[PDB]
Visitor: 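Take this structure, written in structure tokens, and hold onto it; I'll ask about it next.
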Protein chains: 4
Amino acid sequence: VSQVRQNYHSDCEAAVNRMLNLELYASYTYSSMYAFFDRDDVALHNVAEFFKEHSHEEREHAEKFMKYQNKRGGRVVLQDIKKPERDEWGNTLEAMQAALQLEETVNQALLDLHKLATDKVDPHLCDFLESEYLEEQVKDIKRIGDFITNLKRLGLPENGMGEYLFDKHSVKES
Amino acid sequence: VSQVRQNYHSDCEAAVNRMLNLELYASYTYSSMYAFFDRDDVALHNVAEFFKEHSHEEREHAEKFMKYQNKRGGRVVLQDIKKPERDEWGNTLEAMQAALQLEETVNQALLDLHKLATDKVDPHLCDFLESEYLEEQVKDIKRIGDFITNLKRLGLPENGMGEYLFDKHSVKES
Amino acid sequence: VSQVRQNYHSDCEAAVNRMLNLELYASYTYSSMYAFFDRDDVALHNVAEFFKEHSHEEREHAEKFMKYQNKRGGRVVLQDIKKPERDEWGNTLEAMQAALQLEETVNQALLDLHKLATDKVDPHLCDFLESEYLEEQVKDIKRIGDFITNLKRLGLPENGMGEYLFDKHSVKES
Amino acid sequence: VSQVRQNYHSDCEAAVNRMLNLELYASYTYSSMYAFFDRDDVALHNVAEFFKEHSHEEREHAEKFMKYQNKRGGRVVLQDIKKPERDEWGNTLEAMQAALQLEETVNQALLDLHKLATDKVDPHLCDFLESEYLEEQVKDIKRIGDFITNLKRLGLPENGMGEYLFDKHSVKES
Ligand SMILES: [Cl-]
Ligand SMILES: [Cl-]
Ligand SMILES: [Cl-]
Ligand SMILES: [Cl-]
Ligand SMILES: [Cl-]
Ligand SMILES: [Cl-]
Ligand SMILES: [Cl-]
Ligand SMILES: [Cl-]
Ligand SMILES: [Cl-]
Ligand SMILES: [Cl-]
Ligand SMILES: [Cl-]
Ligand SMILES: [Cl-]
Ligand SMILES: [Cl-]
Ligand SMILES: [Cl-]
Ligand SMILES: [Cl-]
Ligand SMILES: [Cl-]
Ligand SMILES: [Cl-]
Ligand SMILES: [Cl-]
Ligand SMILES: [Cl-]
Ligand SMILES: [Cl-]
Ligand SMILES: [Cl-]
Ligand SMILES: [Cl-]
Ligand SMILES: [Cl-]
Ligand SMILES: [Cl-]
Ligand SMILES: [Cl-]
Ligand SMILES: [Cl-]
Ligand SMILES: [Cl-]
Ligand SMILES: [Cl-]
Ligand SMILES: [Cl-]
Ligand SMILES: [Cl-]
Ligand SMILES: [Cl-]
Ligand SMILES: [Cl-]
Ligand SMILES: [Cl-]
Ligand SMILES: [Cl-]
Ligand SMILES: [Cl-]
Ligand SMILES: [Cl-]
Ligand SMILES: [Cl-]
Ligand SMILES: [Cl-]
Ligand SMILES: [Cl-]
Ligand SMILES: [Cl-]
Ligand SMILES: [Cl-]
Ligand SMILES: [Cl-]
Ligand SMILES: [Cl-]
Ligand SMILES: [Cl-]
Ligand SMILES: [Mg+2]
Ligand SMILES: [Mg+2]
Ligand SMILES: [Mg+2]
Ligand SMILES: [Mg+2]
Ligand SMILES: [Mg+2]
Ligand SMILES: [Mg+2]
Ligand SMILES: [Mg+2]
Ligand SMILES: [Mg+2]
Ligand SMILES: [Mg+2]
Ligand SMILES: [Mg+2]
Ligand SMILES: [Mg+2]
Ligand SMILES: [Mg+2]
Ligand SMILES: [Mg+2]
Ligand SMILES: [Mg+2]
Ligand SMILES: [Mg+2]
Ligand SMILES: [Mg+2]
Ligand SMILES: [Mg+2]
Ligand SMILES: [Mg+2]
Ligand SMILES: [Mg+2]
Ligand SMILES: [Mg+2]
Ligand SMILES: [Mg+2]
Ligand SMILES: [Mg+2]
Ligand SMILES: [Mg+2]
Ligand SMILES: [Mg+2]
Ligand SMILES: [Mg+2]
Ligand SMILES: [Mg+2]
Ligand SMILES: [Mg+2]
Ligand SMILES: [Mg+2]
Ligand SMILES: [Mg+2]
Ligand SMILES: [Mg+2]
Ligand SMILES: [Mg+2]
Ligand SMILES: [Mg+2]
Ligand SMILES: [Mg+2]
Ligand SMILES: [Mg+2]
Ligand SMILES: [Mg+2]
Ligand SMILES: [Mg+2]
């Protein structure tokens with residue numbers, strides 16, 4: 001047993017490792033989206049850079065779980081990072097719809113971990129999730145939902161001019 | 001009778017309280033518009049912020065009537081602030097049309113108060129309305145009429161791309 | 001159902017709308033206090049400005065609930081904003097006593113919402129209340145209790161010189 | 001007839017000369033108050049300086065009527081400036097009560113001149129009064145009423161400590 005370990009349940013330790021893996025998985029999916037939108041036959045570079053930044057964010061969130069695990073005296077255990085579900089992402093609407101689902105999946109895992117931390121009476125883990133994850137998750141989901149509404153408004157998937165304009169005006173110029 | 005009161009008719013005092021209530025009512029309607037355009041299924045954030053700023057303006061104009069009332073030795077009497085007529089506002093065109101009607105209503109109440117102040121030979125109240133309200137009212141009505149013309153030009157309500165572009169180009173970026 | 005909605009109970013959504021209304025109600029009561037202390041026959045302008053600032057704070061806290069509601073995919077539903085319980089507020093002691101009761105009422109509604117969020121296993125709503133409301137509420141209650149103790153010390157309600165001095169020294173010069 | 005004169009009734013010209021005299025009269029009364037509060041056996045120097053500043057303000061307002069008269073092609077006609085009604089002013093309360101009455105008298109003369117300008121269809125004279133006089137008059141009356149309320153609160157005329165404190169805290173330090 002680690003000399004620092006206190007009030008840290010084995011189940012929470014294991015769930016933190018799973019959460020670490022899921023954040024790496026999410027980062028990898030966003031990287032795939034980046035590379036798709038960077039293609040010469042897709043060529044929406046502001047959308048591409050949005051996904052690249054989100055890939056970096058998810059990787060940072062993985063690293064935070066690693067640091068957390070060690071702070072509590074748990075032990076980081078890594079597994080394979082599964083490739084993304086798709087090799088190509090259709091268009092900006094399809095990608096953002098997939099991003100929404102991914103954020104919802106990550107959010108459910110965070111909420112499930114909070115339930116487990118609550119069940120095991122671990123307020124430090126509860127605080128960690130609430131302070132570092134749950135609100136930024138809600139913000140990201142809201143942003144992507146807002147995007148989807150605008151892409152539909154712009155006539156995606158059929159309206160290429162709409163898709164062009166989204167890339168110029170809804171995501172930051174890169 | 002207040003020690004400061006001079007040339008201030010009871011009818012004007014009461015009409016100032018009604019005007020205070022109407023400005024609060026107007027502020028509340030603009031707040032509702034703000035919240036509508038902030039929805040994830042509406043998501044026109046520059047339009048939303050336009051209405052939020054107008055809500056704050058109308059609240060400031062209410063406060064100015066309160067300060068006025070006391071300066072003249074009248075007594076502020078508050079009533080309920082009625083909820084807005086609608087819970088949802090359709091789209092940017094419908095909202096701006098409602099905003100135009102609201103500004104016209106507020107303008108008519110201001111013009112009616114000026115008539116009353118004139119009838120009661122109250123030049124200080126006349127000056128107040130002319131200097132602090134009537135011209136800014138005309139400017140706001142003109143701005144919103146200009147907006148409506150452009151929203152029609154852009155093909156509202158059917159043309160979502162038009163609605164998107166209005167939000168990017170006609171209202172200030174927030 | 002909103003595309004962003006996750007782990008958000010209908011009961012919580014409705015309680016958030018009620019909380020929004022209560023903050024608007026509170027703002028309106030403080031506005032009334034402002035106008036009372038601004039009267040020529042009351043004329044305690046630092047006290048007046050204290051209440052004006054608190055009215056603006058409560059309105060900002062209402063706006064935060066609106067933004068919250070939309071972030072979670074709930075729907076803002078507005079009701080009338082009831083006028084304050086009194087048209088005149090006696091003196092600084094009576095007003096501060098009413099302010100204390102109002103803050104206690106708002107605090108109880110916040111604590112009740114936290115209980116509901118807890119019952120519905122909504123940690124994001126719990127965090128929101130804890131991070132944005134509950135501590136600032138405790139601070140405001142403490143400040144007003146401290147004020148009441150000093151107003152009693154100063155001999156309110158009978159001691160006008162005491163009331164004058166409170167306005168010069170206990171609330172910020174405006 | 002002056003080469004510049006247009007739409008300027010003889011009655012208005014004469015009333016402007018009377019108004020000029022009244023402003024000089026008012027200035028002189030405030031000067032008397034200044035000298036009273038400067039006495040070694042009165043010695044309220046912030047109150048004294050308040051009245052001195054008001055004497056200078058009223059003299060500037062006289063000068064503005066002179067300039068007005070010439071701008072319209074009327075002719076400045078001066079009369080004696082009557083000494084103030086009192087040689088000594090009692091205490092701060094009595095003085096402020098007299099100041100209130102004086103401001104009310106000046107305000108009534110301004111309102112009477114506005115009525116005359118209205119009757120003679122002189123919008124330039126109306127504008128002049130509204131823009132340069134009527135609102136600053138209302139502000140001064142409000143300020144002095146507020147002062148009187150506070151002097152009563154402080155226990156004037158009997159409470160010397162109250163009178164001392166007013167001089168330190170309600171009027172600007174000179
Ligand atoms: Cl342990
Ligand atoms: Cl423990
Ligand atoms: Cl364990
Ligand atoms: Cl895993
Ligand atoms: Cl596998
Ligand atoms: Cl694929
Ligand atoms: Cl495409
Ligand atoms: Cl967070
Ligand atoms: Cl958006
Ligand atoms: Cl289309
Ligand atoms: Cl957008
Ligand atoms: Cl009157
Ligand atoms: Cl009159
Ligand atoms: Cl009347
Ligand atoms: Cl009303
Ligand atoms: Cl009703
Ligand atoms: Cl509706
Ligand atoms: Cl729309
Ligand atoms: Cl104006
Ligand atoms: Cl325009
Ligand atoms: Cl069209
Ligand atoms: Cl435009
Ligand atoms: Cl839900
Ligand atoms: Cl859940
Ligand atoms: Cl539900
Ligand atoms: Cl309600
Ligand atoms: Cl009711
Ligand atoms: Cl009452
Ligand atoms: Cl009082
Ligand atoms: Cl807080
Ligand atoms: Cl204190
Ligand atoms: Cl006492
Ligand atoms: Cl204090
Ligand atoms: Cl003429
Ligand atoms: Cl003419
Ligand atoms: Cl003539
Ligand atoms: Cl004369
Ligand atoms: Cl004589
Ligand atoms: Cl005398
Ligand atoms: Cl004295
Ligand atoms: Cl003025
Ligand atoms: Cl004062
Ligand atoms: Cl006393
Ligand atoms: Cl004062
Ligand atoms: Mg060891
Ligand atoms: Mg284990
Ligand atoms: Mg595989
Ligand atoms: Mg618990
Ligand atoms: Mg936080
Ligand atoms: Mg984020
Ligand atoms: Mg996120
Ligand atoms: Mg996240
Ligand atoms: Mg463009
Ligand atoms: Mg552009
Ligand atoms: Mg009285
Ligand atoms: Mg009345
Ligand atoms: Mg109703
Ligand atoms: Mg007229
Ligand atoms: Mg103007
Ligand atoms: Mg305006
Ligand atoms: Mg307006
Ligand atoms: Mg207006
Ligand atoms: Mg939907
Ligand atoms: Mg419901
Ligand atoms: Mg009622
Ligand atoms: Mg917390
Ligand atoms: Mg905190
Ligand atoms: Mg606070
Ligand atoms: Mg509070
Ligand atoms: Mg609070
Ligand atoms: Mg002191
Ligand atoms: Mg001091
Ligand atoms: Mg000549
Ligand atoms: Mg003549
Ligand atoms: Mg004589
Ligand atoms: Mg006029
Ligand atoms: Mg003016
Ligand atoms: Mg003045
Ligand atoms: Mg004046
Ligand atoms: Mg004046």
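Read the numbers this way: they start at 1 and go in the same order the structure lists the ligands and their atoms. Chain letters run A, B, ... following the sequence lines, proteins first and then strands; every chain starts at 1. We use all heavy atoms of the structure for the numbers below, so side chains are in, but hydrogens, waters and symmetry mates are not.
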Visitor: Do NZ/NE/NH1/NH2 and the carboxylate oxygens of B/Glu63 and B/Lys67 come within less than 4.0 Å?
Guide: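 No, this pair does not count.
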Visitor: Can you list everything that forms a salt bridge (charged side-chain N to carboxylate O under 4.0 Å, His left out) with A/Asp140? Sequence neighbours excluded, please.
Guide: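 Once residues adjacent in sequence are excluded, A/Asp140 has no partner under the salt bridge (charged side-chain N to carboxylate O under 4.0 Å, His left out) criterion.
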Visitor: Suppose the cut-off is 2.8 Å; which protein N/O/S atoms would you list for the Mg ion (ligand 78)?
Guide: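 Only D/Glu57 OE2, D/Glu136 OE1, D/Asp140 OD2 fall inside 2.8 Å of the Mg ion (ligand 78).
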Visitor: Closer than 4.0 angstrom, basic N to acidic O: yes or no for B/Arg75 and C/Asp40?
Guide: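 Yes, this pair counts.
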Visitor: Tell me whether the count of non-hydrogen atoms from other residues, nucleotides or ligands lying under 6.0 Å of NZ in A/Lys64 goes above 12.
Guide: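 Check passes, neighbour count above 12.
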Visitor: Would the number of heavy atoms belonging to other residues, nucleotides or ligands and lying under 6.0 Å from CD of C/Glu136 be above 12?
Guide: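 Result for CD/C/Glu136: enclosed.
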Visitor: If you measure from the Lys or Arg side-chain nitrogens to the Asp or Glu carboxylate oxygens, is any gap between D/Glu103 and D/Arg143 under 4.0 Å?
Guide: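 A salt bridge is absent here (no side-chain N lies under 4.0 Å from a carboxylate O).
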